[PDB]
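Only one chain is included here, represented as structure tokens and corresponding to the form deposited in one PDB entry.
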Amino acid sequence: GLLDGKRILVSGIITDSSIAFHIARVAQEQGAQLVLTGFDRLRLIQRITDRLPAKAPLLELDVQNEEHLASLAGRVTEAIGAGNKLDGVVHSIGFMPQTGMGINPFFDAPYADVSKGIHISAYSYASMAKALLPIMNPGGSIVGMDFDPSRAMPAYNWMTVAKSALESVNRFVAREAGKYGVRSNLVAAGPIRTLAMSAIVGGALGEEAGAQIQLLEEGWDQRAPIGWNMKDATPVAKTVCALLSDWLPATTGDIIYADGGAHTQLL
């Protein structure tokens, strides 16, 4: 078991197609003992996580709530038992209001909306690190989820800016985590058909946005030398588990591309 005996906190489950759901599943298959955090609809999240291979304690965490962050370490310790620390943390959280992502023109996003998205999608990575590093073991691992923002693209708009910020945050979190013997890295995944993503392809954010995602999905599988299957999150979940294991011991402040190789190819 790749993660045997490791204690790992996984945020970001909201449905059974959430990337963090599959991260949580693969980690439990590999012997990890999990603690879960969920935002807002905790009864729904509980019913979703009941389908994980093993039962895992669920804690409430709204990343914009200072009280939630201040109590987090104590509530984690209460779930895993005093004297036990975390070996791994998974940040799988993201949000941008509709004004900053979609067919709404890039210039029309109010900063209040953009700021909320950068708060939840980028700053929260440092927030969670700060809350959880004091209860992490040496040799631990923090992993966040990324979507390659080094080039601009239709519709993603302000969320691409939030991703650019998150990659920069990750390189500073790595400097802090290094003082604990802890690594911090991001996994840049290719497009995955989550519920939200499926809703956008169906036009939830405007028809242009939906058409552009479909073109991006299609271009992705074409470019990827090993193909890309947007309906299979297993590859991304296994990559996260790789970074949570002891088998990338010299990688930190970095980005692993679980994208089928698409970013290495022009056409």
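Rigid core here is just the name for the largest C-alpha set that superposes within 1.5 Å across the two forms. Heads up: residue numbers just count along the shown sequence, starting at 1.
- Once the C-alpha B-factors are averaged per stretch, 246-254 and 13-21 rank with 13-21 first.
- Higher mean CA temperature factor between 223-231 and 26-34: 26-34, per the PDB entry.
- Each of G190, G144, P134, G88 has a CA temperature factor in the record; the biggest one is found at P134.
- When the C-alpha B-factors of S168, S71, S121, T160 are ranked from the entry, the top spot goes to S71.
- Ranked within its chain, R7 lands in the middle third, by CA B factor from the PDB record.
- The PDB entry assigns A204 a C-alpha temperature factor belonging to the highest third of its chain's modelled residues.
- When all modelled residues of the chain are sorted by CA temperature factor, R183 is found within the lowest third.
- In the PDB entry, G102 places in the highest third of its chain by CA B-factor.
- Per the PDB record, residue ranking by Cα B-factor puts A211 in the highest third of the chain.
The same protein also has a form deposited in another entry, omitted here; what follows describes it.
- Residue shifts between the shown form and the other one, rigid core superposed: of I226, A54, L215, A70, the only C-alpha displaced by 2 Å or more belongs to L215.
- For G202, the Cα coordinates differ by 2 angstroms or more between the shown form and the other one after the core has been superposed.
- The pair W158 and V201 is at least 3 angstroms closer at the CA level in the other form than in the present model.
- Between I200 and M96, the Cα distance is smaller in the other form than in this structure, by no less than 3 angstroms.
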